[PDB]
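Comments concern the structure below.
So you know, we letter chains A, B, ... as the sequences are listed, proteins then strands, and number each from 1.
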Amino acid sequence: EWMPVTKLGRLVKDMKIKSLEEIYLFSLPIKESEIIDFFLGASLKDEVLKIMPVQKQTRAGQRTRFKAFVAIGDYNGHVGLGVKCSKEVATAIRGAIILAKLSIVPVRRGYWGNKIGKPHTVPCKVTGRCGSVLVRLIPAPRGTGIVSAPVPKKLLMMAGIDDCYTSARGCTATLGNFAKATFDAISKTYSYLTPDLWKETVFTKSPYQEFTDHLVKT
Amino acid sequence: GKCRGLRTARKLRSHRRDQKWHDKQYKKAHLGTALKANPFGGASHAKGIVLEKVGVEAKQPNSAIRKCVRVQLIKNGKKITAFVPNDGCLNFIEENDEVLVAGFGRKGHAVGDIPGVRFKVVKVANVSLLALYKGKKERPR
Amino acid sequence: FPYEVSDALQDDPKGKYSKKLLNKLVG
Amino acid sequence: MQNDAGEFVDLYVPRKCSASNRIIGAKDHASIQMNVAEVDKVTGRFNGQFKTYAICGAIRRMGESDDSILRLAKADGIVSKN
Amino acid sequence: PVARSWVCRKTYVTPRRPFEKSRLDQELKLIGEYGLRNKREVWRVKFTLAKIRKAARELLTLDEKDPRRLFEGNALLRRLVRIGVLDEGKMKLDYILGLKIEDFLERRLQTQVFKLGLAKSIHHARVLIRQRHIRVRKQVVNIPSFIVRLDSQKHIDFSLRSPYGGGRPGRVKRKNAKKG
Amino acid sequence: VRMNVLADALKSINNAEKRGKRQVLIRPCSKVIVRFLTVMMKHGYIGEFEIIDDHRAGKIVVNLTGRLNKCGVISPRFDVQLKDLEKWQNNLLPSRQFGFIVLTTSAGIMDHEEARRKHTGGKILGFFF
RNA sequence: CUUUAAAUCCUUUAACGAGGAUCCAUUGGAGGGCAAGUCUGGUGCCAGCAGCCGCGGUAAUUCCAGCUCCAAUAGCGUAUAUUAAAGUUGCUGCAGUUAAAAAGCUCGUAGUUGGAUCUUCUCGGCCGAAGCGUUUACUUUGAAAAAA
């Protein structure tokens, strides 16, 4: 069973947090993947993007560990990416899945043209960067699919995007930097100020402030 | 930085024309010495007369003997070395017979561990090497 | 998680079969 | 936010920095949300109300969080006009 | 100089990536559901939908009260409605981009023969069509890729000369009965 | 030397907006700069600004509400026909739901939407989103 | 029959024509890139494969074959030229400290770029006409502009 070790985890297991977007609203760090299991565990799907052997030269020889890149997310606007290096492939993949769970960010979706129906593309042109890898996401007409390389295509599909134009510059062969740049571009979708977000912020009580009295007696 | 003025079209166009000559592919395609040095003369295939059979040793990491043929082209009288691809296919080529040779697949560059060989034998004595290899046809008696 | 290909890769991470095992491990 | 029908479709509306009107990212862990206790006019006690100021981590990292919070409090009447 | 004409147009496009599992799986699934001969039929319908979508995007980039936009968009919408791909009420250029290759593969003569109770299976439907057992309104149609219109849906009979509709016994039945 | 004072004004506004400044000083002012700032203000991007009248060339102090992602100039001022406006919108604007291209047309200095509304092309000054 | 100067070919009507419906689908490939076997036999750094990385030195997933599979399919492979990929010619849109790269330095003509600033008239056909009486660029319109 799950025993939380953090205040936020105890609040989550107490059924006092109504949604994961409420945790995102205050940008609180998530350090227990069980929170993501609690909130989106019924819809999350993970995918091992890559396994690569990394070698450290030693006196005896070459010590080889394995680095696992795993992209997780539900196809409704939550995606995360996790990289874990470990001695064995199985535990590397387990840790990568856990890390991808911990890094799940909300994805903002928008409309290329008319605003009929549900959002389908990125709200605006966004860009992610990771060590010479440049990944640009451009809104695309409804029904055009994701025009991207297979790795950013996986990351974008897992994030709930179904129409997107993509551009990549740099050493995109390095799947790790390509995936991290795509994840950064996705994460920037909610950090881009748009004229519909000009409405003044109406602040709400923090999860900790609202429920401190709950643990004041406890 | 590059000039961006509404009246700079001449400068941009002339600079692009000058800087295109620094592109290896463009210079090879347009300066017109590769074509004159090309034994095929721009042709995709060529025909020649097998002068002798040679064995070209493979490169440093690979140990083998590639059975090639010295072929004298008819169109320009140039001597080239053409690779006979499959195993036992050199037994179908003889001395002094017509042979149709194509490129090796890298637009005039050596392919694989064979050094200095950029042509492969496609047909021998009007019957293809593939037909002889698979028994679909036999060399004329 | 499939362990057979993981062990085959862990025996030799850069052997003759490294590419196929790594590709099979991806998906 | 709204589509053609007018229904709000976004997952959530993010917080904006009180000092720069910039969106605070959901993974910006340096950002703060300070509550300043409102005090009754004549006694000087904490009457249960408070003013909330959200400050992004970029402003904190450059040292202007203090000046920004002081300016916000001054504009709210929390800090006397000096 | 010749009186002949040379305007000939390729009806499909091969995919950029030859061997990708997702694309191969989807194309084989489409072939399976709709009983198509090969992948080129899927590529042909995809090319048709792609040209339609390109036209729709072009028209959508113009002004709402543009005579060219209005005329061409009305023509395109009426054409898509007439073949039954679009709903009668979804007559805007934005609903064009929301269509899929399913909407076009559903209108083939193979699919309509199979879904009108004329054939046991979709492959049975193709074999029926290719053997002149099916007629539309009055013409004996023989090409399974026939995209039937909406007013042409209600008239898909079983021919008037086919053994199933015209009553003349076929070669096999005649030969078998003549020895009995 | 200093050419295209509109470029300098827009660059200063962009740098101040990135730095989170609430006011930005622009010098020298001009008719084009003031018209561009008014186009910005009508869309709620910059808010009020004040023209300090020196007896040589004005300065402008612009209040900066934080609403500007990027303000930029296009140099040279390419001629933009009505049919060529969509390509410029695709190239420069981050989305089709917001962002503006500013044009000097015979009817004045105006956003691309207004110029399309008045059926007039012009020369592209810049953009802001 | 029909077609058409005669023909042919389609189309149409007959007769015969399918169970291994023998009325027998091929071309490439199976380590990765990239789809599909570290199954079996042979060869043993040979013969060969391999566009690239690489495989082959006596358990070869890579050669030669058997079987099996998979890619397209009446089509498929190969050579070459060319286009996209190439934001590896970069106007959009590349770079120049150390990866290839800024002239040794300054002057200077052509070139390129250039600060603020300026709100009908000889009267006239249901009361009876100004429609540049200082110029270009630009923008918008109109005319004129082969078909394919």
- Side-chain N,O (C/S18) to OP1/OP2 (G/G32) below 4.0 Å: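 Checking C/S18 against G/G32: no side-chain N or O falls below 4.0 Å of OP1 or OP2.
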- Distance below 4.0 Å between B/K2 side-chain N/O and G/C94 OP1 or OP2: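 Answer is yes, contact under 4.0 Å.
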Need one value for [X]: base, sugar-phosphate or nothing, where a base atom within 4.0 Å counts as base even if backbone is also close, heavy atoms only.
X: B/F83; answer: sugar-phosphate
X: E/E20; answer: nothing
X: E/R37; answer: sugar-phosphate
X: B/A9; answer: nothing
X: F/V1; answer: nothing
X: B/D87; answer: sugar-phosphate
X: B/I114; answer: base
X: B/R106; answer: sugar-phosphate
X: A/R169; answer: base
X: F/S30; answer: sugar-phosphate
X: B/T8; answer: sugar-phosphate
X: F/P76; answer: nothing
X: B/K28; answer: nothing

- Task: Determine the interatomic distance between P on G/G31 and the same-named atom on G/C55; round to the nearest Å.
- Result: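 Approximately 13 Å lies between the P atom of G/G31 and that of G/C55.
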Closest to the [X] side chain: [options]?
X: B/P85; options: G/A47, G/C49, G/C138; value: G/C49
X: C/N23; options: G/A35, G/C49, G/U80; value: G/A35
X: E/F19; options: G/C45, G/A116, G/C34; value: G/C34

- Item | Donor on one side chain, acceptor on other, C/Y17 and C/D12, under 3.5 Å | no
- Message: Between B/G88 and B/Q25, which residue's closest nucleotide on RNA chain G lies nearer the 5′ terminus?
- Response: B/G88
- Task: Determine, for nucleotides 10-20 of chain G in 5'-to-3' order, which nucleotides have protein heavy atoms under 4.0 Å from the base (write B), from only the sugar-phosphate (write S), or from neither (write -).
- Result: --SSSSSBS--
- With distance as the sole criterion, do the side chain of C/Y17 and the base of G/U61 form a donor-acceptor contact below 3.5 Å?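 No, no donor-acceptor pair under 3.5 Å.
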- Query: Is there a donor and acceptor pair, one atom on the side chain of B/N62 and one on the base of G/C55, closer than 3.5 Å?
  - Reply: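 Result: at least one qualifying N/O pair found.
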Please report the distance, rounded to the nearest Å, between [atom1] in [X] and [atom2] in [N].
X: F/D53; N: G/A116; atom1: CG; atom2: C1'; value: 12 Å
X: B/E57; N: G/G56; atom1: CD; atom2: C1'; value: 18 Å
X: E/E27; N: G/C70; atom1: CD; atom2: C1'; value: 14 Å

